[PDB]
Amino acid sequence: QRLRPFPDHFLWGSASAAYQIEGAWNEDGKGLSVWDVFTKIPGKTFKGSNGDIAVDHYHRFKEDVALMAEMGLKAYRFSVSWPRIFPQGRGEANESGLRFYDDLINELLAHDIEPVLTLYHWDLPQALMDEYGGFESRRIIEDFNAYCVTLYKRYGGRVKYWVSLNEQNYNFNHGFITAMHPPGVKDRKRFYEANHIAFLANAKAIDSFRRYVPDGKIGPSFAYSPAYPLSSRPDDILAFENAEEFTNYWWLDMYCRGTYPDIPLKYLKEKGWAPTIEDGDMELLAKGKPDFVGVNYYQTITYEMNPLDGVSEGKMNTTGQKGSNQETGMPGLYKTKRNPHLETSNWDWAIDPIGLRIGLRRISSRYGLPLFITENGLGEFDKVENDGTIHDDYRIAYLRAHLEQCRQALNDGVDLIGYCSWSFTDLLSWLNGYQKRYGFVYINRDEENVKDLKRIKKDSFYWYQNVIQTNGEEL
């Protein structure tokens, strides 16, 4: 009946990011990233966890790729560490760093795994922060572009799928609104101005990609939480409308149309928070149209009316204590509300597989572009059993349900080209430590003890192995 098969060459994938897996933070000439620094600030990370060693993927990448081949992955998404390539962020390139990702790519291609290369996954070189304030300076447009072009030249003959900026919205919100990411700022004006420069750097890098990799495909990976209204009360609908415009269309309109949504822009102008548009900005932004929209999906968010004296800031759950997450909002615009109809994880992330289908349809309907799920997964506590296995049936249940809704979205007509789970191995959660695990492959370490870093295939590894073998026929 409705169990229609997935497309024959659907990109069954999994994903990682450099800072979360690589370790070797100060080896072979690598320069400091802003996270090499930020994780050393007391209280910024869970129980002092950092990526100095992470899961040692830089030295152990062949073991991990062999696990990907055992899995049968059709695609593997990874990011390149900018300060591993340019230790000072610009100027002289680090051949050891270029050689590492060159070897990684050849190892992947040997197993018929498509590389999906993320250009920017939050690890700005500290030298560029020191020099001119990172994304708060328009100088970053030229420096980010020069970095991207270096990779386009060396890897573009072999790598077809590229991601430009990863979760600009989420990363910059924590960087400039909540101060939970570098640079640790709480200022709405700076937030929108830094986002504006990041949009410019995205569009410049994509324009360059059209010339250096004309047969390639590129897009941003957006941190996507479709908005729900709490009720059919018109005030709650209007809160949902505002949330959709401010939290989703602000980035998605700019990425896909090259323009800002008018309703948020006019509101920001009155509050003094709008980005400054300089001469030539709109002409550059018009050149950044992507081949696909990368979707990082974990949960929907439900919204309700928020008075002018209402909620703004709230404390995030970074401990795994269920129900401790606090609501947030923009006074006069909207506030979050726990969805009463949804189960949540121990980190209070809502489990909403139908929301994935809803979100895929919304982007498909509004912008008419192909979609690529570049992240989807469940972060949970894992235990190793007496027989050495990890019975992560909760993770299988989550991934199964979301893959079922991917099938239905494909039935609905969305052009979904692939699906990358987060994450392939266990890795460092930026703010939640190593105990919030997402991997198919368990890594034996804790927050401050690396132990032996042993790789152990979880039960979800074998489930997804079978999903790929059957092209999604079985779950």
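The numbering used is simple: start at 1 and walk along the sequence shown.
The mean Cα B-factor in the deposited entry runs higher for 385-393 than for the other of 172-180 and 385-393. Stretches 83-91 and 394-402 differ in mean C-alpha B factor, with the higher average recorded for 394-402. As recorded in the entry, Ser345 carries the highest CA temperature factor of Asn106, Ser345, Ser221, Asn376. Going by the entry's values, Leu308 shows the largest Cα B-factor out of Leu308, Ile141, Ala203, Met129.
Per-chain ranking of the deposited C-alpha B factor places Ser460 in the middle third. Among all modelled residues in its chain, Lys30 ranks in the lowest third by Cα B-factor. For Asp412, the recorded CA temperature factor ranks within the highest third of the chain's modelled residues.
Per-chain ranking of the deposited C-alpha B factor places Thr150 in the lowest third. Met68 sits in the lowest third of its chain by CA B factor, as recorded in the PDB entry.
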